[PDB]
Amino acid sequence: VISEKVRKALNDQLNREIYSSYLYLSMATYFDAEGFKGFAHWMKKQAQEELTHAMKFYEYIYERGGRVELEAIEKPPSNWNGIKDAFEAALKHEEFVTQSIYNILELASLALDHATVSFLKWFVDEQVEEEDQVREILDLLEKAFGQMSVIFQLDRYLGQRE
C-alpha cells in the first residue's frame, strides 16, 4: 500500500538508526576507556534506545507491505578530544538525523500518506527533545569551564539513566 519512494525513505532511516546506535556504543568505548562509567552507561542506554527506534521502523515497513534491506554499517569514530568534543559530535549527529526525519515527513505528505506522517510525528518529537538534552549538557559543560566537580556530577547523573 505504501509507495516505493516512501518505503525507500523509511528503509534509509532504519539504517541511519542502526548506525546511530553504533556511534553511541562507540562513544561508550571512549568514555569507558577514559574511566567515566556514568557517561559510558548513558551512551549504552542511548544505543539501546536507537535500536528500539530502528525496530519500530522495521515493523512499520512490514505493516505497510514493504520490505527491510539491511545495508553496510560504516566504522564509527572511536576517539574524541574531551567529553565536550564527544557531545559536540553527538549533537552534530543528532541535528542531521532530525533533518532526515523532517525530509521523510515532507515526502510522506506529498504522497498524501497519512499513516506515515502520523508514524514519523512521534520520532520528530523525540529527536527535538534529544537535541535539547544534548544542548543542555553542552551548556553545563561550557559554563563549568574546566572544573572537574561538574564533570563528575554529570557522570553520576547520567549513570543513573533507567
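Don't overthink the numbering: it's just position in the shown sequence, from 1.
Per the PDB record, of the two stretches 115 to 123 and 39 to 47, 115 to 123 carries the greater mean B-factor over its C-alpha atoms. The top Cα temperature factor in the record, among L110, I61, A28, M55, falls on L110. For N11, the recorded CA B-factor ranks within the middle third of the chain. Only modelled residues enter the ranking.
For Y19, the recorded CA temperature factor ranks within the lowest third of the chain's modelled residues. Remark: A90 belongs to the lowest third of its chain, ranked by C-alpha B-factor as recorded. Looking at the C-alpha B-factors along this chain, the one for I151 belongs to the middle third.
The entry lists a Cα temperature factor for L138 that places it in the lowest third of the chain's modelled residues.
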